[PDB]
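Worksheet: the structure to be examined is printed underneath.
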Amino acid sequence: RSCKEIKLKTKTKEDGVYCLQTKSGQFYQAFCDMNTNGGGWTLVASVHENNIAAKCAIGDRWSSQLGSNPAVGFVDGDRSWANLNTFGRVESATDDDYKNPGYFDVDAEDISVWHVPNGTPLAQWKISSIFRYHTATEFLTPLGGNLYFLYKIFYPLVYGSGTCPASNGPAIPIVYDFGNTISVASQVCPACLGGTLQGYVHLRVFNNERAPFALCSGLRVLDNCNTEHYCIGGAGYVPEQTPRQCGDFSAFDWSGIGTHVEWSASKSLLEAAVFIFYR
Amino acid sequence: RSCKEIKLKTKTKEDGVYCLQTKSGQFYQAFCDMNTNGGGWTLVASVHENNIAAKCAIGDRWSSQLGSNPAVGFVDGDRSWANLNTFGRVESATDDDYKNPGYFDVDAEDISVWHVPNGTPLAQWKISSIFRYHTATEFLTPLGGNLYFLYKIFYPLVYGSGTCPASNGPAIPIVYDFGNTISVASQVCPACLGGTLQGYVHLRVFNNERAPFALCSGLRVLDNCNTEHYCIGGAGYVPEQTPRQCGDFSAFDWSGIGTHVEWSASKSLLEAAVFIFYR
Amino acid sequence: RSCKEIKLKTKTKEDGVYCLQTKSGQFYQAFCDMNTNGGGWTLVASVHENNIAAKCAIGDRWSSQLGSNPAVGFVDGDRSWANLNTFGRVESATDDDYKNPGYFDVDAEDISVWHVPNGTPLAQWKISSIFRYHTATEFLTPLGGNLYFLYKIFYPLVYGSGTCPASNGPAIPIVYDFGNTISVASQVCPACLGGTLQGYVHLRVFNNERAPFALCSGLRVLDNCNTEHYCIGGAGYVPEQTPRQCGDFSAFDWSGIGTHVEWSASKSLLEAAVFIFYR
Ligand SMILES: [Ca+2]
Ligand SMILES: [Ca+2]
Ligand SMILES: [Ca+2]
Ligand SMILES: [Ca+2]
Ligand SMILES: [Ca+2]
Ligand SMILES: [Ca+2]
């Protein structure tokens with residue numbers, strides 16, 4: 001049902017694709033990592049950005065595909081963070097979004113996160129990745145066991161029904177597998193660090209506009225509610241300069257693509273699919 | 001090749017996913033139901049509505065995805081009712097449209113229909129469903145054996161090439177597996193019942209505008225040609241108040257979503273994926 | 001890993017679907033042809049056109065899905081010719097685009113091309129096809145072994161970075177498996193032949209506007225740079241009468257659909273999915 005038990009019964013197993021099945025019984029294939037900290041991490045999702053200029057258009061499966069509309073039928077986006085919809089396949093996880101049943105079925109304790117440059121074939125994924133970390137606090141069990149139930153518990157990613165830090169989500173300390181806080185500070189915007197703290201993963205942050213964002217990889221949000229620039233995923237509506245802040249990678253191009261200025265992420269991060277692993 | 005033979009050779013089998021193959025030989029997995037009336041029903045399709053406000057937009061795979069355009073290249077929609085295109089996977093059949101090869105390959109005698117609330121995991125599908133029925137007239141054999149050939153025989157779902165009841169499709173009497181005619185009358189619009197009769201499934205009805213609709217689940221159409229409000233699927237063009245009548249669930253929101261008024265379906269039906277089974 | 005070795009170890013095998021795996025190990029199914037010139041051709045792609053009137057819209061996975069935009073994030077299209085993204089399934093390869101891992105993994109010497117009318121079930125593919133040819137020059141080995149590496153070598157299909165014939169791609173002589181140069185001259189536009197020569201396949205031609213097109217099936221381009229009318233695929237931007245020249249089948253409808261006049265392809269070719277095989 002996961003790569004963890006595969007590592008458990010069968011010790012010497014290594015990285016690669018394995019056959020798994022949901023407990024309801026449908027088969028699928030998942031990329032098991034078996035070397036990271038005892039191994040056993042199952043790849044369950046990937047947040048790829050095909051076009052930073054396309055503001056909630058085709059391919060922004062994680063935020064919205066029909067635009068940024070505040071209508072009652074639009075503010076919930078695609079719910080791809082909190083629904084059973086699955087898409088993409090394994091070896092294309094670095095060229096377009098990917099999500100397999102293991103996202104919601106497999107129960108887990110910790111999540112691991114990789115940043116892999118787009119276009120990277122499978123055999124390079126671990127060595128070509130620029131950032132790799134994972135949590136070690138077993139925080140998923142009180143939250144339902146996976147991110148699906150984590151977004152049934154606080155939060156349903158709904159626009160407007162919260163506020164910045166007063167209503168933010170959890171902030172989990174991470175351990176670095178590849179990369180370091182200096183590199184973290186080198187990949188995010190310059191004005192990023194003025195309101196964050198490296199070394200944590202943050203789930204369901206609220207921006208200044210009450211719009212919720214799923215994930216902030218690498219840093220915990222401080223009292224700075226300009227979170228559209230360093231957190232990915234989201235709902236289907238953001239009102240500040242709409243729709244310049246829509247997409248899988250919400251506003252990483254505020255001041256120009258990859259130019260790495262006050263509000264612009266480094267180019268190395270604009271081309272980085274964010275792999276999510278369960279254990 | 002189907003779940004019927006699986007039930008035949010191997011008796012005691014129950015609900016769940018099984019491995020099947022088309023006669024051309026490609027493998028797939030299908031959810032076999034084995035308790036309904038001797039069992040043996042294969043799940044072959046699912047008409048999910050992700051956004052009732054999106055009029056022939058992304059996700060309306062059963063009616064049209066490019067809008068309601070009367071141009072010569074547009075009036076045929078996506079033909080997903082009468083083509084070999086397949087999409088989605090099994091356990092996501094309750095969060096987005098689903099269709100597997102068994103739709104056109106497997107020959108069958110009867111169809112079964114379920115209404116399952118969106119977001120329902122597989123293990124709940126039968127018990128959480130609100131409506132379940134099936135035909136018992138073996139009407140698919142004269143029509144080619146499945147719905148694909150049923151839409152090669154009358155009708156190619158083409159706009160304009162017919163009229164209401166004078167050119168309507170078949171009306172098959174159904175037996176109720178869960179639900180009853182009172183509940184049926186409770187789920188459809190109020191002004192619905194003024195022109196229909198419970199207890200039948202109707203295929204290829206024509207609306208007042210000559211636009212054809214694939215399926216009317218639960219009721220047979222009378223001389224009332226306002227069929228956009230209780231029949232799903234369709235072609236790529238409907239001219240009355242275009243495009244307020246486009247989508248997988250064509251006009252179930254004419255007078256407000258789920259408000260259950262003169263032309264509005266009950267909320268319980270707006271969130272209901274329509275599962276189709278073959279036998 | 002391909003159908004070639006399946007033909008090699010196991011002689012008498014015939015046309016049909018077989019199980020293959022990438023060298024990284026993920027399984028898939030591919031349609032192996034085993035009769036063409038010793039057989040062993042693996043079906044790896046299919047360029048289907050669902051709507052000639054939709055100019056770079058949903059379903060034009062090979063050229064662009066977000067329109068014809070000259071913005072820096074748009075001129076590269078979807079890169080589906082040169083990325084690991086895969087989509088569609090086998091038996092639907094004649095109703096919508098299709099591409100499997102064998103596109104980029106399998107190394108090959110020659111390519112075969114079929115034109116199959118849309119809606120054709122699998123069992124008819126070979127006999128219902130109108131054109132079938134294949135190269136016999138083993139030209140893929142110097143280019144990386146497949147079309148993916150062929151579009152890492154010249155050319156990255158990028159708009160503007162070339163010109164017509166001075167910077168065109170390779171022109172490979174083909175042998176005819178079904179069809180002949182008279183039929184070829186009968187399927188393309190009338191004003192087509194005034195600037196081409198039958199009997200070659202041409203990869204990465206540049207149109208008069210420096211926009212690059214992936215493939216010209218059946219003919220080699222002469223000094224005529226009006227290539228938008230007989231070459232398929234492309235990038236995400238064409239500037240002449242934008243966007244009347246966008247789509248999988250770029251401009252085969254310049255003077256009316258299927259009307260077979262000066263700039264219009266024959267109707268038999270407008271409904272023809274282009275199957276690509278490796279060996
Ligand atoms: Ca994306
Ligand atoms: Ca802000
Ligand atoms: Ca739908
Ligand atoms: Ca009406
Ligand atoms: Ca296409
Ligand atoms: Ca031209």
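Chain labels follow the order of the structure tokens: the first chain is A, the next B, and so on; residue numbering restarts at 1 in every chain, and ligands are counted from 1 in their shown order.
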
message: I'd like the neighbourhood of segment 4-19 of chain B as a PyMOL selection string, where a residue qualifies if any of its atoms comes within 6 Å (using only C-alpha atoms), though same-chain residues fewer than 4 positions away should be ignored.
response: (chain A and resi 25) or (chain B and resi 28-34+40)

Written file, previous selection with N, CA, C and O atoms, as a short mmCIF file (atom, residue, chain, number, x, y, z; two decimals), in the first residue's frame:
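The resulting part30.cif:
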```
data_model
loop_
_atom_site.label_atom_id
_atom_site.label_comp_id
_atom_site.auth_asym_id
_atom_site.auth_seq_id
_atom_site.Cartn_x
_atom_site.Cartn_y
_atom_site.Cartn_z
N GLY A 25 -8.26 -1.29 -3.89
CA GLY A 25 -7.73 -2.35 -4.72
C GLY A 25 -7.20 -1.97 -6.08
O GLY A 25 -6.68 -2.84 -6.78
N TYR B 28 -7.14 -2.94 -18.26
CA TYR B 28 -7.62 -1.83 -17.45
C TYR B 28 -8.29 -2.40 -16.21
O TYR B 28 -8.42 -3.62 -16.07
N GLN B 29 -8.69 -1.52 -15.31
CA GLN B 29 -9.35 -1.92 -14.09
C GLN B 29 -10.73 -1.30 -14.04
O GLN B 29 -10.91 -0.13 -14.40
N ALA B 30 -11.71 -2.07 -13.60
CA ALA B 30 -13.08 -1.59 -13.56
C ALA B 30 -13.71 -2.02 -12.25
O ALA B 30 -13.38 -3.05 -11.67
N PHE B 31 -14.64 -1.20 -11.78
CA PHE B 31 -15.33 -1.47 -10.53
C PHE B 31 -16.55 -2.34 -10.78
O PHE B 31 -17.57 -1.86 -11.29
N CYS B 32 -16.46 -3.61 -10.42
CA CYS B 32 -17.53 -4.57 -10.61
C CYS B 32 -18.43 -4.57 -9.38
O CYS B 32 -17.95 -4.69 -8.25
N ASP B 33 -19.73 -4.40 -9.62
CA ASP B 33 -20.76 -4.60 -8.61
C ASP B 33 -21.33 -6.00 -8.78
O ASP B 33 -21.62 -6.42 -9.90
N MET B 34 -21.48 -6.73 -7.68
CA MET B 34 -21.82 -8.15 -7.74
C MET B 34 -23.01 -8.52 -6.88
O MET B 34 -23.25 -9.71 -6.66
N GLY B 40 -22.95 -8.47 -11.44
CA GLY B 40 -22.29 -8.53 -12.72
C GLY B 40 -22.27 -7.24 -13.49
O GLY B 40 -22.00 -7.27 -14.70
#
```

field: Polymer residues at most 12 Å from residue 124 of chain A, only C-alpha atoms, same-chain spacing of 4 or more positions, as a ChimeraX atom specification
entry: /A:15-16,91,94,116-120,128-130 /C:24

Test item: residues no farther than 12 Å from ligand 5, counting only C-alpha atoms and all ligand atoms, as an mmCIF file with C-alpha atoms, in the first residue's frame:
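What ended up in pocket-v3.cif:
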```
data_model
loop_
_atom_site.group_PDB
_atom_site.id
_atom_site.type_symbol
_atom_site.label_atom_id
_atom_site.label_comp_id
_atom_site.auth_asym_id
_atom_site.auth_seq_id
_atom_site.Cartn_x
_atom_site.Cartn_y
_atom_site.Cartn_z
ATOM 1 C CA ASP B 78 -16.671 16.498 -27.982
ATOM 2 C CA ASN B 85 -11.855 8.756 -26.126
ATOM 3 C CA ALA C 45 2.655 9.188 -30.905
ATOM 4 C CA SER C 46 -0.423 10.467 -32.693
ATOM 5 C CA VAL C 47 -1.203 14.004 -33.829
ATOM 6 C CA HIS C 48 -4.992 14.175 -33.771
ATOM 7 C CA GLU C 49 -6.948 17.304 -34.629
ATOM 8 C CA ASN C 50 -10.244 17.558 -32.766
ATOM 9 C CA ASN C 51 -11.210 21.010 -34.037
ATOM 10 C CA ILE C 52 -9.677 22.836 -36.987
ATOM 11 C CA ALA C 53 -11.624 25.965 -36.049
ATOM 12 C CA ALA C 54 -10.115 26.093 -32.545
ATOM 13 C CA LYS C 55 -6.908 28.086 -33.000
ATOM 14 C CA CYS C 56 -4.553 26.917 -30.233
ATOM 15 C CA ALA C 57 -7.305 25.892 -27.819
ATOM 16 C CA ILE C 58 -8.105 22.828 -25.723
ATOM 17 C CA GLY C 59 -6.989 19.713 -27.558
ATOM 18 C CA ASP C 60 -4.181 21.285 -29.590
ATOM 19 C CA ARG C 61 -1.621 19.606 -27.355
ATOM 20 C CA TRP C 62 1.047 19.529 -30.063
ATOM 21 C CA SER C 63 1.143 23.234 -30.925
ATOM 22 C CA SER C 64 -0.321 25.274 -28.034
ATOM 23 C CA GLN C 65 -3.298 25.292 -25.698
ATOM 24 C CA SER C 80 5.067 18.347 -26.341
ATOM 25 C CA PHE C 87 -1.093 11.787 -22.492
ATOM 26 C CA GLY C 88 -3.942 9.759 -23.921
ATOM 27 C CA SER C 92 -8.283 6.395 -28.244
ATOM 28 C CA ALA C 93 -5.317 7.353 -30.438
ATOM 29 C CA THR C 94 -7.757 7.956 -33.300
ATOM 30 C CA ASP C 95 -10.075 10.296 -31.393
ATOM 31 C CA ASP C 96 -7.627 12.506 -29.493
ATOM 32 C CA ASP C 97 -3.879 13.078 -29.261
ATOM 33 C CA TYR C 98 -1.742 10.276 -27.880
ATOM 34 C CA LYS C 99 1.855 9.979 -26.708
ATOM 35 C CA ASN C 118 -10.746 9.695 -37.050
ATOM 36 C CA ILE C 232 1.825 19.961 -38.663
ATOM 37 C CA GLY C 233 2.841 20.689 -35.096
ATOM 38 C CA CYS C 246 -2.509 28.069 -34.863
ATOM 39 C CA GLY C 247 -3.261 24.460 -34.004
ATOM 40 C CA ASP C 248 -2.107 20.881 -34.385
ATOM 41 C CA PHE C 249 -3.009 21.131 -38.077
ATOM 42 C CA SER C 250 -1.720 24.688 -38.464
ATOM 43 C CA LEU C 270 -8.498 17.007 -42.302
ATOM 44 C CA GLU C 271 -9.940 13.974 -40.518
ATOM 45 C CA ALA C 272 -6.663 12.031 -40.381
ATOM 46 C CA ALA C 273 -4.753 11.279 -37.218
ATOM 47 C CA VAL C 274 -1.051 10.980 -37.967
#
```

task: Would you give me, as a PyMOL selection string, the residues of chain B that come within 7 Å of chain C, using only C-alpha atoms?
output: chain B and resi 25-26+73+83-86

message: Please return as number ranges by chain the residues found within 8 Å of ligand 2, counting only C-alpha atoms and all ligand atoms.
response: A: 207-209, 225-228, 240

field: Nearby residues (only C-alpha atoms) at most 12 Å from residue 255 of chain C, same-chain spacing under 2 positions excluded, as a ChimeraX atom specification
entry: /C:189-191,229,244-245,251-253,257-266

query: So which bits of segment 84-237 of chain C end up helix (DSSP H, G or I) when you DSSP the backbone, as a count of residues only?
result: 33

field: Secondary structure check, strand (DSSP E or B) residues of segment 4-198 of chain B, as a PyMOL selection string
entry: chain B and resi 16-21+27-33+41-47+87+98-99+111-117+131-135+171-178+196-198

message: So that I can check the surroundings of residue 178 of chain B, please list as a list in words every protein, DNA and RNA residue that reaches within 12 Å of it, counting only C-alpha atoms and ignoring chain neighbours fewer than 4 positions away.
response: residues 36, 112, 113, 114, 115, 116, 126, 127, 128, 129, 130, 131, 132, 133, 134, 174, 182, 183, 184 and 218 of chain B

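Our summary of the geometry notes that atom CA of residue 42 of chain A is positioned 11.8 Å from atom CA of residue 109 of chain A.
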
message: With distances taken over only C-alpha atoms, which residue among A:44, A:75, A:219, A:197 lies nearest residue 156 of chain A?
response: A:75

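The interatomic distance for the pair atom CA of residue 41 of chain C and atom CA of residue 206 of chain C works out to 28.7 Å.
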
task: Would you mind reading off the distance between atom CA of residue 148 of chain C and atom CA of residue 277 of chain C, one decimal, in Å?
output: 13.5 Å
